[PDB]
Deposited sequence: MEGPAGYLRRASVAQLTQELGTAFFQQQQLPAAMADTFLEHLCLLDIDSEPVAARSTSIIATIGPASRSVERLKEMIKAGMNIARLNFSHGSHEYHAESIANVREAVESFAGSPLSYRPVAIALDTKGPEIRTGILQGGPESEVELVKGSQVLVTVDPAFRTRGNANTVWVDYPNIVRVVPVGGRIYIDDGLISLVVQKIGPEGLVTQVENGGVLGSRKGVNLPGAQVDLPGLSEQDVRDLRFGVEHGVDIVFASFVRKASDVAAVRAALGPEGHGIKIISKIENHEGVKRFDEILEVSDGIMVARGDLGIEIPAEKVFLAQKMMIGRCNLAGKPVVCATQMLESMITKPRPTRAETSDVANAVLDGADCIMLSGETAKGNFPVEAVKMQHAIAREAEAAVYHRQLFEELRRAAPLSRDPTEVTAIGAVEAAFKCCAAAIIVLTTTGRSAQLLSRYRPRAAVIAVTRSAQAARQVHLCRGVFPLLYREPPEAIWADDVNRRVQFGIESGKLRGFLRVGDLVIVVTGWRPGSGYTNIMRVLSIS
């Protein structure tokens, strides 16, 4: 019966067309949902109590929209998110600051600059930078974040024709991308936006950088408890296109059904994830990926190949900054990527990456370093057992380094859960 679930008949098909023909509404998803949910905070979702239900429903990243609301307002939003998250101390939740932006203007307004200072002063994990048209706009955001905000991920919002055309140069200096379809479908003809979305997600997947699909994904749930047929389609297709993250704006910020909307995005994403045709996707991401002399990159593809060969339940990776986890996620394993880290910020930021489940390790270093490695891996296993990822008799891939400190992942081991 294992082979009846999570669309494995379809995953085994020999062509894409045959894989489509074998999709089965009776094949239940079993894997953990892997596409992260970004929920925009507003009057419908500011309260600590609302945020707790949203966390339980699946929210992974809380978006602050600085197009509206004072610093004081956003400061309250941030504190309420942190209090909701800590009420479960457990789900790390990242905090993303989405800039007001231009409204050939400069890459940053005076308002933008003050807003990014605020976000650094408040430890935001992510910036969604508006109206990025060229790499210098990204550099401008980086500089305004200044020295204390070097670890903040910059996700460039592509919102107009120029940003689409200069995409390669924007992507190169950015940590990731948002397909900002709201403004995009005003700035270019609305019937073209799906080409820009598909193009940008394809290119981000190739580059191993996170990509966010945003705006009106479940629009009618602002007023209705259930979405339209086009809205469920759009969520599922964003996941099939390759998006790491899917986003809610008014559905959570102001609508009448914020929690049901998060839950609806979770339910669709899980079905869509199981329908991904990994056989074609992994092979193309291989052929099109370049040779690397980087041991983390080399170890990562070896581990994903290995995971596919034994239907591994998970890949446990010890990571300090999230990078080794990102390099696993870029090959889209079906196996869950369980990222054990000591860094609370990296546990939050890896939610930018499809299929990465962070575990914040809070135990004091062991004297023998190799003993500390194994204790974190064990932490990894036990948490996976108790959270549903792992059963005794499962096979996991463990991915670790030869010495302490970031940059030295280079070891892959195959392990049975007992």
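When the deposited sequence is numbered from 1, the segments without any C-alpha atom are 1 to 22, 112 to 116, 131 to 228.
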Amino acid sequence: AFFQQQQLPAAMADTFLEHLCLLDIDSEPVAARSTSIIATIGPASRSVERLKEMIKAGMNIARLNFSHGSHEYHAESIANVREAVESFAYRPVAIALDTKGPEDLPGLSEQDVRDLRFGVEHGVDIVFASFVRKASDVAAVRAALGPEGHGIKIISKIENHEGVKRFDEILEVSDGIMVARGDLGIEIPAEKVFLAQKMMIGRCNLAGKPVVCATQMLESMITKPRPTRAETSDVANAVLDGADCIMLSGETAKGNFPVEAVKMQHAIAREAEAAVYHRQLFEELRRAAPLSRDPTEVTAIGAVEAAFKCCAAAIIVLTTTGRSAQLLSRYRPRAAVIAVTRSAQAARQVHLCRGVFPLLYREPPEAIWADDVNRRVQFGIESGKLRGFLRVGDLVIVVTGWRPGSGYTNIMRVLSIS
From here on, numbers count along this sequence of modelled residues.
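In this entry, 378 to 386 shows the higher mean Cα temperature factor of the pair 66 to 74 and 378 to 386.
For the pair 282 to 290 and 317 to 325, the record assigns the higher mean C-alpha temperature factor to 282 to 290. Across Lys224, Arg229, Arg114, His266, the greatest Cα temperature factor reported in the deposited entry is at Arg114. If you compare the C-alpha temperature factors of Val262, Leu108, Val81, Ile158 in the entry, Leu108 comes out highest. Per the PDB record, residue ranking by Cα B-factor puts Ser27 in the highest third of the chain. Split the chain's modelled residues into thirds by C-alpha temperature factor. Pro365 is in the highest one. Among all modelled residues in this chain, the alpha-carbon of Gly58 has a temperature factor (C-alpha) in the lowest third. Residue-level temperature factors show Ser36 in the lowest third of its chain, judged at the C-alpha atom. Residue-level temperature factors show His351 in the lowest third of its chain, judged at the C-alpha atom.
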